[PDB]
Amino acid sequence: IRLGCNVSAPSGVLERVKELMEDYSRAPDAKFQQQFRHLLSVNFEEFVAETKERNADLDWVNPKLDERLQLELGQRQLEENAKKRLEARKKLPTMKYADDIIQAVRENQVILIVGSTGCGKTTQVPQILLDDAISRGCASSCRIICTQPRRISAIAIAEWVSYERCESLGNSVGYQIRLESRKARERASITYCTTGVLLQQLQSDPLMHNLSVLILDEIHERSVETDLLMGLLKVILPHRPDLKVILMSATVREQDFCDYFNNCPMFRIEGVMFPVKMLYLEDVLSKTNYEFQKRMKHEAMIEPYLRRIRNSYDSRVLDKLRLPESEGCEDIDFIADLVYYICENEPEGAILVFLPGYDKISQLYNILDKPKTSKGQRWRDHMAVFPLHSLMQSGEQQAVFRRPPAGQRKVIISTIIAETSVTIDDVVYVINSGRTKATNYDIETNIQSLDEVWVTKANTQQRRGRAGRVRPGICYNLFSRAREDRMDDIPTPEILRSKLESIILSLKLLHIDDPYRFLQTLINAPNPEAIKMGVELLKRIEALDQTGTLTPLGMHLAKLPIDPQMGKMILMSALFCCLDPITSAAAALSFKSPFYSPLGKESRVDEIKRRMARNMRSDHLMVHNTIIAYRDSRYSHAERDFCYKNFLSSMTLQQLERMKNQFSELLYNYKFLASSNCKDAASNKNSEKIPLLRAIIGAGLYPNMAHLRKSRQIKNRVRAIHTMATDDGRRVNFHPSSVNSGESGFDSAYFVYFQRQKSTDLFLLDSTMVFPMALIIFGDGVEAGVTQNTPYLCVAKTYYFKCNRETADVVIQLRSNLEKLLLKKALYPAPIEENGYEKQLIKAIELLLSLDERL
């Protein structure tokens, strides 16, 4: 056991804290409390009964409206902007199965529609069921909800279906996503929403009385939310005999969903796609005859294969398969050659290249742009080459989606983003390197890693389809068919890779109180040891009690659309009057960063971030300064150039702002704020006290701490070697994308972080420098004692600091009062009065935290 810096406090400060805690201690309307005990009192049977009576709107119908809509629909299908829009609908494969679908839904509570790209299931099935109900004089009883995994899908599909009915958005079809909705009319309507929206709406409607039909789309993708929702459907559907659910899926392990709903009827609907034929590594080498020159366990795989194709391909080609380097994207000059080849033969169309990530995308972009081969300089000005990556701007721009300039061929170098999320139309050739990146959690070592892995069979199929939108194409797979038989069917369903604290907490608000029993019923049960880690984290931040029952704090946390830790940090910012910068920190962690990472500008992005960090040594405060600067450029009508100069996505920035206000409105509705504006002066009297902000941030990211021990100033220009290790002892560093990477001379040696992850070493993706006293006040594992002959005060029983007894005894009594205050604020929420008993304890905490302000 070692000993850290002294945290004893001056006597005058100690005496004023004592006065203020004694003032706090001589203090003597909660609908929320009654709500909370009421949730805890009812068993599941009473829960259902109460929700049936509470959500009763669809027990009511409008016969004069039924009749009106039935009439105008009959009329509008004799007019000629419809009845042309109807011919082109009847060209879709799904419309041929219309009448069977109507009847199959009528006879079964659950059906499944399976169909490939082009089958129109997503646009047609909701219209089929709606127009049917309208024509039968049942309009007002019909409310259809169709889920989508991605926000952009929910918008575009809704817009298209609305056009297909000669309506503007918001009449019979609408959409709802986070913080943005063009809502449909109440009844006889179709609404497209992202799955999360429907999950959150269960809090009020836990058995789905406010919709008549639920369509789940894209379930084959096995997102957490669709996997969650089907599990909840097994609980909901026994009490909802009238509800109709339509599962919808691509042709990837379609049988599992069918099996899971015990055997329900399954439609298979043909697609509309132009033929894309697959080549593999043997076939590409035969047309290109590139030559490679500048464990195995490889040839164990490839040699048995090599010989049953002995007489089908040339002798020199099957030599190059022997090289482990031929498969994947290890040799970028090979893929470069295959792009050069497609430009020559193989008439005109765009080339879509799927590479694993940013680093390797950059290597091929430079080869394509500044080539050292003679053949490539021939092609350089006759390609228009776009990279494609979530962190790069090209996606949010018009060009990559449009056809190239005359005499130019378009080449797109992309990550998996172009498989389903981003879609380009004039692709005819796909180069599928077969390599992608993935995050895996090793439950035993608490190490998240980012590893390069092979794609699955399903992925490769999806990439093939991206060539067959406009005309027939070709898909070049840079691996042998011996590899494809090594590949998995699907990616690992993401429920198995995820932290579970959020779901377990959310389940309690649906009166699913046993997360082990319920989660075991999903299509793939998560590891029960990952459930225990979830419950444990929730017990530690005090959202669940020791027995595992919900606490008043946890119910609030469950009602915030954000992870429970950052929820708690957002909440703390309300009681401690630093609302604006903390919700910026929260929003940027829950969402992504507003900074692009354009190619070749890695050096300059680092300067921009350091400059916006304002030497405050926190990746989180750095985002808030960015938001403060962004608002100012809107006040100066200089937004575009501010965004240009500093590589900022105005789109993510504006969404971060909408998230900040959502948090404000919720905390305001929950009686924690006097004002719903996250910039209100009253909610922000403390927002420039930097030591205070590190304390509230630490209260959120705790217990994820690191301690730094080393220096360097020799001698290149500006870099330093760190010796740093997390609370568990493992040696870490700041990720190069962090503003603290390579920095020197820190006012404190301790940091908190949101994500640790190993790619080339164990990195902290984001950090904020914290001070020990702040950790001690908001953390746990705090005891005072004597170890060498020295009095100490510790945190997490891991970091021990010299501390005299007078300071320790006061800090310990202070933490006691802090816990008492948090416990009441959760049960009996109210804003903290500016001149009350509760403010005196707050002033006690600010007083101790300010002792660390930089002189």
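Note that residue numbering follows the sequence shown and begins at 1. Between two forms, the rigid core is the largest collection of C-alphas that superpose within 1.5 Å.
Farther from the shown form on average, by C-alpha root mean square after a core fit in 8 other deposited structures of this protein, is 296-304, of the stretches 296-304 and 129-137.
Choosing between 307-315 and 765-773, the greater Cα displacement from the shown form in 8 other deposited structures of this protein, fitted by the core, goes with 307-315.
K244, present in the displayed chain, carries coordinates in each of the other PDB entries compared that cover both sides of it, far from a third leaving it out. Among other compared entries that model residues flanking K559, every one gives it coordinates, keeping it clear of the one-third cutoff. Count the deposited residues lacking coordinates between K294 and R295 and you get 10 or more of them. According to the entry, the deposited sequence has 10 or more residues without coordinates between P28 and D29. As recorded in the PDB entry, 301-309 is the stretch of 275-283 and 301-309 with the greater mean C-alpha temperature factor. As recorded in the PDB entry, 739-747 is the stretch of 739-747 and 583-591 with the greater mean C-alpha temperature factor. When the C-alpha B factors of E484, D632, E186, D563 are read from the deposited coordinates, the top value falls at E484.
Among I177, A88, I627, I219, the highest C-alpha B-factor recorded in the PDB entry belongs to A88.
Annotation for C5: C-alpha temperature factor in the middle third relative to the rest of the modelled chain, per the entry. Per the PDB record, residue ranking by Cα B-factor puts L39 in the lowest third of the chain.
The entry lists a Cα temperature factor for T251 that places it in the middle third of the chain's modelled residues. Per the PDB record, residue ranking by Cα B-factor puts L69 in the highest third of the chain.
Among the modelled residues of its chain, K802 has a C-alpha B-factor that falls in the middle third according to the deposited record.
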